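Only one structure is covered here, and it is reproduced in the block below.
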Ligand SMILES: Cc1cn([C@H]2C[C@H](O)[C@@H](COP(=O)(O)OP(=O)(O)O[C@H]3O[C@@H](C)[C@H](O)[C@@H](O)[C@H]3O)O2)c(=O)[nH]c1=O
Ligand SMILES: Cc1cn([C@H]2C[C@H](O)[C@@H](COP(=O)(O)OP(=O)(O)O[C@H]3O[C@@H](C)[C@H](O)[C@@H](O)[C@H]3O)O2)c(=O)[nH]c1=O
Ligand SMILES: Cc1cn([C@H]2C[C@H](O)[C@@H](COP(=O)(O)OP(=O)(O)O[C@H]3O[C@@H](C)[C@H](O)[C@@H](O)[C@H]3O)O2)c(=O)[nH]c1=O
Ligand SMILES: Cc1cn([C@H]2C[C@H](O)[C@@H](COP(=O)(O)OP(=O)(O)O[C@H]3O[C@@H](C)[C@H](O)[C@@H](O)[C@H]3O)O2)c(=O)[nH]c1=O
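Residue numbers (the entry's author numbering), protein chains in the order written: chain A, 0 to 294; chain A', 0 to 294; chain B, 2 to 294; chain B', 2 to 294. A prime marks a further copy of an entry chain.
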């Protein structure tokens, strides 16, 4: 009976991308054909998480709620909470403490895109763990802006350093973390860092010192994209666009995932699609009931 | 003393791009490094128009106002009005009738990008006309979704047909129109078309029958981009991005145009830039005071 | 020891004029020539003996590019196809090359990318009999061989460019065969469109109940480059991944080194004359960059 | 009758391996080979006599592509550059070709696009003495000749790749010259970097007070393609414009027809063997598509 509680952290001071983020939050902006936040929401749904808390800024949380609602249209439970100030990833587990309660949980960042073959099998393995924590390591060209994993010769994780001056490897900790029921108390016990933030690296290092942290390599066959620059936002959009145009399939379509997980039935999906029948996205939903696709 | 009144029509039912436009209006979405509406706002400013009325939907007009304010930060006058229902381009001159008053005017669409050499000279020539109307004709591959100009052998405009089944040419009327003080009364006199809209083509055909319509060809050396599909939105963004990265210059930067037109002075521009000093856009503003550029 | 064939011949004039005097598979996909990608796919499958088939005009160009493969601890040979008379003709041109060994054919303009691709190719390479092809959901299946699947995705038929495709699953341009294929290819007759059809070869294995049709899931990119637009899209796709990762897709030097077909001294030697460009710097950094494999 | 030179020789190995066996200026920019663009720029200037300079290895490839130009009512000849020893060497290799006429040099990998470009090139082509070059604001001027401008944008100096560039204006890769240039190029000596410098030729005209330095404004695209990324960016830029307009950039057949260098019967004849691809269909539609010129 594993009902993991998912958190999407979708706040952030939001100034690197000025002026496109001046009055619209980054995680509501389009990545090709759908808002950014559809992708990490979909990642949680593909992991099996059906209870999702969306955290954003005081000003933008009504905007996320106007877009996703309570999630019942997708047979899910989506709730909202605000982060007054962007004081660190680990504050998600203080703001989301009541939502998490006594259950296992997962945190994903609202601007992180995960894509690749067998991603579901890897997320389901992380979701099924009853103890400890699971994070993922991914080779990037700029590891120094992330938590960086030091690996021994067999890729067992030895340490995690947040934004090291000399990174021990190129493997960054991705923005997706699975935890057991210790994390809320761990997050409440840690102190702000020199840069003034409650550090997810400190949470992860606590599990590491207990020898209960699983650090899974996300291989180069996966795309783990964040979108920190105007250029990389375009690059994520064209990357998504090339795949969808080639396949005739949509990445991170929550209606599709909900239907495939039996969270909604064929009548409900048709009901979502009928008012969207005049656009391409509604046509894809309509065609899910006829097009044989391996899932 | 030519103080032309500019209107940006930035409403629209907004469903072709679902779901990216579900809770954010299309004209607030990014085209590379800045919101879409910066481009037609800039076009008006490059034409010399300093008084701008922004029309959008009831729901999104506060959003445009939160982003542009009253324009005094750029030494301009920007006002707002709502379109309850998207009943046609020519309704802009009913909603904006009081704003226009007894002055000449210009209408530009909130999702139209205009770019090219000597665009300013062409817009200033259209702006300086004391009588009649000036519209622009542009060769597109899909003229049939636009007002289409029929030309004689010397490219004198003979007729304009809105969305013809068999287009007489490939020249579409762009989404930028200059009018004398007849347009508000002309717009109030016309009747909705079979498709239920107050047609700008009917306004333009009225000037045409008076022999006071100037139809100027916008040559293929210009980019006139609207962004009707997910694909063409990306294509406009990468197009802008290639030029700006090559030149080290920004397209449709309103601060720059305001400074160059002496609507704001060096102290004011520095003041806009100082709180933006941590991002690339603020660095470009800061560098306008030192970088010698022909304008 | 499976023998690989890369079919890199005449693609027609659809892309005119970019292919007017340069064969398509010599043209860049972002940062390296197109044929590097299917070459790398064969190497990832473990195939070390490769026959490159091209037009007579461009065989010295492919040979000038890849050499005999000994620089990567491989064996690369060349053969010509005077006229592009069908995929299955590769097994006539390469009959001597294949001999009595198993083989694989890949198209010189097909890109394959995704997680665990190696595990799937090694499983196909390790089969002792029959054939393996892969099925991939595309929006325009009718320009390919199309797989008809039952409810359990068992393959029932393969039709070359059907008017009404029975599914959206196209047969990708990568095929593994046992020692029957050369004799089969020699036995089939030109089709209505005048070509020796890989679909007829594959349909033979299916009717013999020795064809494995494996789904290549949507987590994979299977890209060909049949239009000017899709050539661009393949280039920007690769570019997004390499810029993000700091890693290069389809770097044959890297693959040979990781498979121990060449050692560090040989890799440094390949790198030194390239030290002034980014590609040679990437090879040099392979000796220090810890990458999981 | 001004004589045009396209310098399309050796660019080094920065783009390795995409240029390893194919010269860069034969490679595609979206839908046509790179050299089509500077070729078209010369034709838009009115230049009808073109010398293509390339490496010895690729001169048959350029010639296989463009022919003698008589198919477009032009005169196209070929010459080789054994070693890439400087832009100004084009006027030594092409000394016989230029003779006593005026000339223009354009780089085989430079793209020029924008409104009224023709009016500007025709004004340069119509000058009776001196030289004309163009200055363009770029983010990395230090990799070019850089123009020093006074407050009125009168040119004061040109420095080749200065450490501290005096402005952001680079000299673009398109130059118009009177009959002095060949003798000047024969007179200059290799520079510190070992090249015969176009900046030394241009600085000679400036000191003689016969150099016109014209700003090419930001409304123009002046694109070279020195990196893998910028080659992609040039391709997607062209693609965005052609898809929007239904028009093709740098179509030599179109330019020759509009300038009446070939007539409709000759254009139909060029089109007929290409009727099965989009390029030949575009030529055919030129006879019906009313386009302002
Ligand atoms: C700090 C913070 C960020 N955010 C948002 C803003 C961004 O969209 C996103 C990440 O912001 P950043 O400043 O980059 O956080 P960050 O600097 O903490 O980066 C993190 O990145 C992870 C991927 C690594 O695994 C971590 O180890 C860590 O490096 O989260 C919040 O909403 N609230 C916050 O408190
Ligand atoms: C009709 C309408 C549109 N809009 C917005 C929505 C879009 O962003 C933009 C244009 O919407 P459309 O449905 O395409 O309008 P449209 O169908 O009227 O197209 C017009 O296009 C011009 C370029 C041509 O010159 C005209 O002749 C005409 O063809 O204006 C409004 O805000 N209010 C309205 O009343
Ligand atoms: C026919 C042929 C093609 N080719 C080249 C041209 C192209 O680069 C590439 C493919 O050419 P086409 O005309 O598309 O081949 P094709 O039309 O035979 O396509 C094939 O595609 C496969 C992916 C499917 O599995 C097959 O079932 C089949 O549909 O191979 C040759 O070199 N020689 C030939 O004999
Ligand atoms: C030097 C040289 C280059 N080339 C080719 C290689 C490239 O495609 C192209 C340019 O080569 P480069 O090394 O960049 O040349 P370059 O370094 O001389 O660059 C020149 O660029 C012009 C735009 C400026 O106006 C000049 O002032 C100068 O900066 O010409 C030759 O064919 N022959 C040669 O002799």
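Don't be surprised by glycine CBs; every beta carbon is placed ideally from N, CA and C.
Hey, does residue 323(A) have any beta-carbon neighbour from chain A' nearer than 8 Å? The question about residue 323(A) has no answer, for chain A in this structure spans 0 to 294.
Hey, is residue 86(A) close to ligand 1, as in C-beta under 7 Å from one of its heavy atoms? As a position in the first chain, residue 86(A) is number 87, starting the count at 1. Correct: residue 86(A) has its Cβ closer than 7 Å to ligand 1.
How many angstroms separate the CA atom of residue 137(B') from the CA atom of residue 26(A')? One-based indexing of the fourth chain puts residue 137(B') at position 136. One-based indexing of the second chain puts residue 26(A') at position 27. Looking at the two C-alpha atoms, the distance is approximately 31 Å.
Taking only heavy atoms of ligand 1 into account, decide whether any of them is closer than 7 Å to the Cβ of residue 33(B'). In the fourth chain, the residue the question calls residue 33(B') occupies position 32. No, Cβ of residue 33(B') sits at least 7 Å from all heavy atoms of ligand 1.
Between 186(A), 147(A), 161(A) and 184(A), which lies nearest to residue 168(A) when the distance is taken from Cα to Cα? Looking up residue 168(A) in the first chain gives position 169. Ranking 186(A), 147(A), 161(A) and 184(A) by Cα distance to residue 168(A) puts 147(A) first.
DSSP on residue 52(A'), reduced to helix/strand/coil? Position 53 of the second chain holds residue 52(A'). Three-state DSSP puts residue 52(A') in a strand.
Please list the segments of the beta strand (DSSP E) lying wholly inside the stretch 28 to 86 of chain A', counting only runs of 3 or more residues, in order along the chain. 50 to 55 and 76 to 81
For residue 4(A), which beta-bridge partners are listed by DSSP? Within the first chain, the letter at position 5 stands for residue 4(A). Looking at the DSSP assignment, residue 4(A) forms a beta bridge with 50(A) and 104(A).
Have a look at residue 186(B') and residue 102(B') and give me their C-alpha separation to the nearest angstrom. Here the question's residue 186(B') lines up with position 185 in the fourth chain. Here the question's residue 102(B') lines up with position 101 in the fourth chain. Counting only the Cα atoms, residue 102(B') lies some 15 Å from residue 186(B').
My output table needs one value for residue 140(A'): the three-state DSSP class, helix, strand or coil. The residue you call residue 140(A') lines up with position 141 of the second chain. Three-state result, residue 140(A'): coil.
Are any of the Cβ atoms in chain B nearer than 8 Å to that of residue 269(B')? Residue mapping note: residue 269(B') aligns to position 268 of the fourth chain, counting from 1. Not an interface residue.
Can you confirm whether residue 140(A'), when its beta carbon is compared against all beta carbons of chain B', has any partner nearer than 8 Å? Stepping through the second chain from its first residue, residue 140(A') is reached at position 141. So, interface residue.
Should residue 131(A') and residue 212(A') be called a contact, given that it needs their Cβ atoms to be closer than 8 Å? For the purposes of this step, residue 131(A') is identified with residue 132 of the second chain, where counting begins at 1. For the purposes of this step, residue 212(A') is identified with residue 213 of the second chain, where counting begins at 1. Closer than 8 Å, so yes.
Segment contact, 8 Å Cβ cut-off, at least three pairs: the stretch 7 to 19 of chain A with the stretch 102 to 120 of chain A: yes
Any idea what DSSP makes of residue 154(B), helix, strand or coil? What you label residue 154(B) is simply residue 153 of the third chain in a count that begins at 1. It is coil, neither helix nor strand.
Who are the neighbours of residue 1(B') on chain B, taking C-beta pairs under 7 Å? No statement about residue 1(B') is possible, as the shown extent of chain B' runs from 2 to 294 and does not include it.
Contact with chain B by residue 256(A), beta-carbon distance below 8 Å: By one-based count along the first chain, residue 256(A) stands at place 257. Chain B, which has no Cβ nearer than 8 Å to the Cβ of residue 256(A), makes this no.
Would you say the beta carbon of residue 10(A') is closer than 7 Å to some non-hydrogen atom of ligand 1? Your numbering for residue 10(A') matches position 11 in the second chain. No, the beta carbon of residue 10(A') sits no closer than 7 Å to any heavy atom of ligand 1.
Would you decide whether residue 203(B') is buried or exposed? Buried here means 16 or more other CB atoms lie within 10 Å of its CB. Sequence index remark: in the fourth chain, residue 203(B') carries index 202 (1-based). So residue 203(B') ends up on the buried side.
Just the Cα atoms here: how many angstroms apart are residue 267(B) and residue 219(A)? For the purposes of this step, residue 267(B) is taken as residue 266 along the third chain, with counting starting at 1. For the purposes of this step, residue 219(A) is taken as residue 220 along the first chain, with counting starting at 1. Taking the straight line joining both Cα atoms gives about 25 Å.
Quick check on residue 20(B'): does DSSP put it in helix, strand or coil? Taking the first residue of the fourth chain as 1, we reach residue 20(B') at position 19. Residue state, collapsed to three classes: coil.
Could you check whether the Cβ of residue 200(A') sits closer than 7 Å to any heavy atom belonging to ligand 2? Counting from 1 along the second chain, the entry for residue 200(A') is found at position 201. Residue 200(A'): yes, Cβ under 7 Å from ligand 2.
Alpha-carbon spacing of residue 14(A') relative to residue 65(A), whole angstroms: Mapped onto the second chain, residue 14(A') falls at position 15. Mapped onto the first chain, residue 65(A) falls at position 66. Using only the alpha carbons, I get a separation of about 16 Å.
Under a three-way DSSP split, which group does residue 271(B) fall into? Translated into positions along the third chain, residue 271(B) becomes position 270. DSSP places residue 271(B) in helix when its eight states are reduced to three.
Within 8 Å (strictly less), CB to CB, does residue 244(B') reach chain A'? Sequence index remark: in the fourth chain, residue 244(B') carries index 243 (1-based). Cβ-Cβ to chain A' under 8 Å: yes for residue 244(B').
Run down chain A' in chain order and give the residues with a C-beta less than 9 Å from the C-beta of residue 23(A). Walking along the first chain from the start, residue 23(A) turns up at place 24. Simply 23, 27, 28, 29, 34, 62 and 66.
Chain-order list of residues whose beta-carbon lies under 8 Å from that of residue 140(B') (same chain, five-residue window excluded): Translated into positions along the fourth chain, residue 140(B') becomes position 139. 169.
What are the uninterrupted segments assigned as alpha helix (DSSP H) that are 4 or more residues long and contained completely in the stretch 201 to 283 of chain B, given in chain order? With a minimum length of 4 residues, the continuous alpha helix (DSSP H) runs that stay inside the stretch 201 to 283 of chain B are 229 to 246, 253 to 259 and 265 to 272.
Could you tell me whether the stretch 68 to 83 of chain A' touches the stretch 15 to 35 of chain A', where touching means 3 or more Cβ pairs closer than 8 Å? no
For chain B, check one thing: does any of its Cβ atoms lie closer than 8 Å to the Cβ of residue 106(B')? Against the fourth chain, residue 106(B') aligns to sequence position 105. Residue 106(B') does not count as touching chain B.
For a contact meaning CB atoms closer than 9 Å, what does residue 264(B') contact in chain A'? Taking the first residue of the fourth chain as position 1, residue 264(B') is located at position 263. What residue 264(B') touches in chain A': nothing, since even the nearest Cβ is about 18 Å away.
Note down the Cα distance separating residue 41(A) from residue 253(A), rounded to an integer number of angstroms. In the first chain, the residue the question calls residue 41(A) occupies position 42. In the first chain, the residue the question calls residue 253(A) occupies position 254. The alpha-carbon atoms of residue 41(A) and residue 253(A) are separated by roughly 6 Å.
Quick one: what does DSSP say residue 9(A') is sitting in, helix, strand or coil? Sequence index remark: in the second chain, residue 9(A') carries index 10 (1-based). DSSP places residue 9(A') in coil when its eight states are reduced to three.
Length at least 4, wholly inside the stretch 174 to 198 of chain B: the alpha helix (DSSP H) runs in chain order: DSSP runs (the alpha helix (DSSP H)) wholly in the stretch 174 to 198 of chain B: 182 to 188.
Selection of the stretch 158 to 172 of chain A' by Cβ proximity to chain B', strictly under 7 Å: 168 and 169
Using 8 Å as the limit for Cβ to Cβ distance, is residue 229(B) near chain A? Your numbering for residue 229(B) matches position 228 in the third chain. No, because no Cβ of chain A sits closer than 8 Å to the Cβ of residue 229(B).
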